[PDB]
Structures are given as C-alpha cells and as structure tokens.
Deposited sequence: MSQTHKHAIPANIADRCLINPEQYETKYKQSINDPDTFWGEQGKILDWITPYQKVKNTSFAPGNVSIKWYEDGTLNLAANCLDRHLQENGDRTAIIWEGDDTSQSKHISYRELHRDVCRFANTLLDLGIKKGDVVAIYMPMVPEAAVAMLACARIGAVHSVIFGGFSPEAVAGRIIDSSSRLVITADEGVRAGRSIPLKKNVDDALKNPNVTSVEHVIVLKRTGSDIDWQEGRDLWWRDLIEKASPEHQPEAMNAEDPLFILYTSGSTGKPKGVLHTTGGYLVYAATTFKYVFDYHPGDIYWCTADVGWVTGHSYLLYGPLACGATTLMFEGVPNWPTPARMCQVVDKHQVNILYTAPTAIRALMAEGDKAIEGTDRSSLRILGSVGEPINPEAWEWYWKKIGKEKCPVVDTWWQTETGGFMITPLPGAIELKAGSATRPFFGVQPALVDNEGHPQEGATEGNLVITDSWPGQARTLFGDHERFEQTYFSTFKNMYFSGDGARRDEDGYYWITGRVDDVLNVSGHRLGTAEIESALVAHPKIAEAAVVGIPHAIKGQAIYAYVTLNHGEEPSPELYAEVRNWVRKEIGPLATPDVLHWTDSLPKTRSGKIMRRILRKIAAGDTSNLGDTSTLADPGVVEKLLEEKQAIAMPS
C-alpha cells in the first residue's frame, strides 16, 4: 500500500469520503447520481430520463439520457470559446522535436467548422460512416470532431493496419469516404499511408467509397486517382469557417471502433453520444484529478479507444490542454518521453506498460538530462503492469511523488471501469483497485456462480453504466451473444481477475482466446485464418507466450499442406504474409512447423497443452498421445 501524498490530499477533487459517498449513491440511485453528473456537459434540450437499461437474455437495451439532445463538438469546442478560446486545446509534438504547434480552442473550432462544411459538401450526411486512416497529427482530431459535429459516424482505423485490414473495415462499415495522409512520420521513417489506402481500395468488394481526402503531410510522390482523391488543403481552404452545430439525440451513433474478439474477424464496437461523453469527461476529470491549466498527455494512438476517450474527447469536454505526440517514447533516445514532459511542462502522463517496460530496459538512460518536476499524476493503461514495472514507473518517472492510476477498461466500456482515484484510494502496485462510479463488478466461476470475499474468477459487470457500448455495427444480435450470453443478465468482459481482502481487483488477463500483444488486443482465431489463407499452410493454432517487453508474443504452430517443406525462406515469407493480412502488430514471433497438432474425436484442437509447451513447460488424453512428445522435441529448436 502507497500512502496518498499530502500535495494531492491538498488539491484533489475526490477524497476518500467523497469516493465512498458518491460511489454508494451511484449504485443505490443512478438516476439522481447521473442526472446530476450529466451536467458536466451542455445539452440543447435537457434530458428527463436518465438510466433505462437491461442485460436480459434476448432483450439487451442500453439507453442513457435518451430524450436529451446535444452536440459533442460543441461540448469539446464551442462552449470553451467565450472564456478560453485562447487556451491551447492541443499541443502537437512532432517526431522531429523542431516541429511543434499550439492549437488554441479558437483555431481548432475554426478548422472543425471548415472541415464540417467540407464533409457536408462532399455529400456526407448524419449517420454516414467515415473511415479515418491517419497518423498522429492534429488533422486527425480535426476530422474526428468534424464528423461528430455533423453527426456522421467516424471509423478510425489504426495506421499500422495493412491494406487487407483497412479494406475489411471499409466493407463491413460501408464507409463513403476515406480520410488519410500521404505519409505518416514515425521514428525518422515514413509510413506509406495513402499507398495503403490505394491498395485497400482495389479489393473488388469495396463498393462504398466515393472519395479519399488526403493530407499533404510529407509531400511525398504518391499515385493519384483523378476525381476520387482530394487534397485536404484544397478542400478546407475553400470551406466556410461558419457552421452551426445541430442537435444530436443522446443515443445517436457517435463512432465505430473495430475490435478483435475471441471468434471471427474484428467487429465494429459502436458508441452513442450522450452517455459516452458524460462518462469520458467524468472519468477523465476525477481519475486524472484534472484542474484548469494542467498539461495533460496520453501517449495512445488516435486509432484506439484510449485515443478516442482520453486523447481527445474526455480531455476536450473538460477544456483541458491535451498533447498529441507524433512519434515514439524512445526515438531518438530513451530520454524522449521525459524530454517531451520537460519541454511542454506536462503535469499528467498517461501511458502504456509496454512503453514503460521498454524504457525500463534502458534504466537511467530513460531519464538522463531530464527534470520531470512538472509531473503530478501518472496513469497506466491497456494491459496488466506487474509490480516491478509499476514501481520503476512510480519511482523514476514520478520521482516517488505521483499517484499512478492503473486504469482497467475496454473498447466496449467507453471509459474507465476499475481505477484508482489519486486523492481517494491508496495504491497497490499492479492493482487497478476499486470500481468507478456506476460500475458494479463481480467475479464468477465458469458456471456463473458469484464468488464472494477475496477470490478469483471471470470478471463481469452486473449493471450498465453511461459510457457502455450500445451494439456491434450492423449486428445487435452478435452483441447480445458475445457479451450477454455466457453469464445471463451480466456483461462478461472476457477478462479474469483476482479480488483481495480490501476488495481491490487485480486483472490477470483475458480468459478467452484473445491475446494482448504490446497492449494491443488480438484474436488468436484471426491470426490462424490469416496463416491458413497462405496457399502453403493447412492448419494453424496460435497461442500467447510471456514476453519481457511486449507482455505476450505470438507463437504460431503451423501445419503445411502435404508435400511442403520448412526452410528459413519460408519462415520469413509466412511472417511477411501475416503482416500483409493484418499488419506488423500481428506478426508471429515464432513459427513452429508441425504435423502434430493435438486433436480430439471431432477435430477440436487442444489449446491448453499448446500454451504450456510454448511457455517452455514440461508437466489430459487426446486422440493420439505420442504428439505431446513430438511437440516438445520440436520446441527445443
């Protein structure tokens, strides 16, 4: 247990008693609690209904603030203009540190308005899906906000996805438009964004895209399709900076984020507007102990939910200054992240255990020549962090001075679910601690039996909360089954957790067939499909193994078609194939050639034995037992 330091106790918005009181009321009386708390936002017509939800088998229905209207872009921009139009909305720090920007709330609003008009003239309407495939530049934020302003439904696709991965997301969403850049810049290198868009758009199944809008970021020689492709600058220049925001209904679709699951290819997790935004703003405020003037930096990419809720929307709803870094925390040197912290006097740092671990491998080289005094609060997100990395982060980055908020949540939860509050809750290294306001966690065994006291089990949430995802795009039925059918009447996270005697949660990772690689969520089944689509592969089974930096790496067991033969050229080819099917994020670290997949009566494949072997272990009965011996020997090279 870490004590709350006196400087936080002196300023904190939520103290221990406040946490207890607000939490109790959020459970007992959600309508009063969230009816009051919803006023963190401006509404165009005020809501009357607040909580109206059900996890009931075959009638899953989540509505928050339903009869109220609002606009997300006016809450994140317009309403800040009168008094704080000159406050920096976004600090942009380039890969190359000589390149930066302060974009005032005024400047940002003006651009969102011009870009809203641009989208509107191109024929984009409320409800249309817009695919955003952009590097970490401020224009990505401009694009996302402008979509929300006019009520279109943006789908941000992470820059590191391959053409094949982009196209799938375009097809499932029926995106009418792609917004991208000529190239992204990361670690001194160019990322071929627009070319990737070119290749994705040649897939014969893509039929919905009418235009691609291209940001001239590096000025690279790119292929151009006349009529389809439009320069960002040409368009926005011609567009009026005047735009009135129209009322959106609280339950109007805000965005889609494609997410990996246990089965199938990734599905489009859908968020609406009112509930999502209240929850984002609220969690941001209280968990980062945000005070006006605090310089806030979340390192996560715009392409992930953390990038949606804690890079842009939450921060901006609260009128914060938020920092968007173009590059990587360790380029040119491991000291970079902290150079960034010093250069912009960052007070809140929210980052990833993978990054932390990579910085930790380099020890003091991660802090040499840097000061870090400006920091008051740290956060960790996206995967479990073990005590030792938590301790090193607390100590070297926070100089033993900063509460670390380890925030547990998911794309499907919209915002933080189980998390410390810096002035309310004493910290245990590696523990996400206590549920947030509105959040009712429980642990169950594999049969759904609730586990009481200090115990472990399958982590579920037993009631709704304002930021909850509302559906899977085009597939509400799959939403019911993926999340509300294992444990009837309950939200099943896919995670396992331990609860200790204080009621602190310790998230131990996914209990379904989902991997966490560098803090990226990936389905084993989707990697196997990508392997089997190779004309030389017959079958594959993919597991996670522990990895010092990355958390888990991908260890693929691969059965070649009859006749074929392993070579070192084949190893690289198959890695490059997975990379083109999905992307670098999903490249297997190890290929284990085998004719010895362990199967049952029916072809069902034995995953537990495959896991342990890959971990490098030696300690049930299948359909042919002598393959466990073969699979061990094979593992010794």
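Coordinate coverage of the deposited sequence is interrupted at 1 to 5, 625 to 629, 648 to 652, where no C-alpha atom was modelled.
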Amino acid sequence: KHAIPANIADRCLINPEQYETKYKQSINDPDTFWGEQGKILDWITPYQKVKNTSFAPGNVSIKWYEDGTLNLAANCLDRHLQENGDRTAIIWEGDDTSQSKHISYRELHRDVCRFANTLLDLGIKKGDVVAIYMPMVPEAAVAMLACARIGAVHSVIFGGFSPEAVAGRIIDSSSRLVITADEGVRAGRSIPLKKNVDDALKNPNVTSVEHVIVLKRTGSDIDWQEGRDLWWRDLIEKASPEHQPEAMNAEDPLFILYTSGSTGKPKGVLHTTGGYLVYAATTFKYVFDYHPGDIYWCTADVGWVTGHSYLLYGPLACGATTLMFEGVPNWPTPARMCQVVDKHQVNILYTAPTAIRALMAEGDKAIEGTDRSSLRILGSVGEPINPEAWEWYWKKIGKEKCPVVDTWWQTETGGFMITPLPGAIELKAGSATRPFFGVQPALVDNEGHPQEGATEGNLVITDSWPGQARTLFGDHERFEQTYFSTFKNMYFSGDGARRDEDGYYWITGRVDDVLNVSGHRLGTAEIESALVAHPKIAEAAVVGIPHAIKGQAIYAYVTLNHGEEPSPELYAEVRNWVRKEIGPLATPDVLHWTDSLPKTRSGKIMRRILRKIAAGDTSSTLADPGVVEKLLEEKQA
From here on, numbers count along this sequence of modelled residues.
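For the pair 567 to 575 and 34 to 42, the record assigns the higher mean C-alpha temperature factor to 567 to 575. In this entry, 241 to 249 has the higher mean Cα B-factor, the comparison being between 241 to 249 and 455 to 463. Taking the PDB entry at face value, the top CA B factor among 427, 178, 167, 222 belongs to 222.
Residue 340 sits in the lowest third of its chain by CA B factor, as recorded in the PDB entry.
Per-chain ranking of the deposited C-alpha B factor places residue 154 in the lowest third. The entry lists a Cα temperature factor for residue 172 that places it in the middle third of the chain's modelled residues.
Per the PDB record, residue ranking by Cα B-factor puts residue 182 in the lowest third of the chain. Ranked by C-alpha B-factor against the other modelled residues of its chain, residue 381 falls in the middle third.
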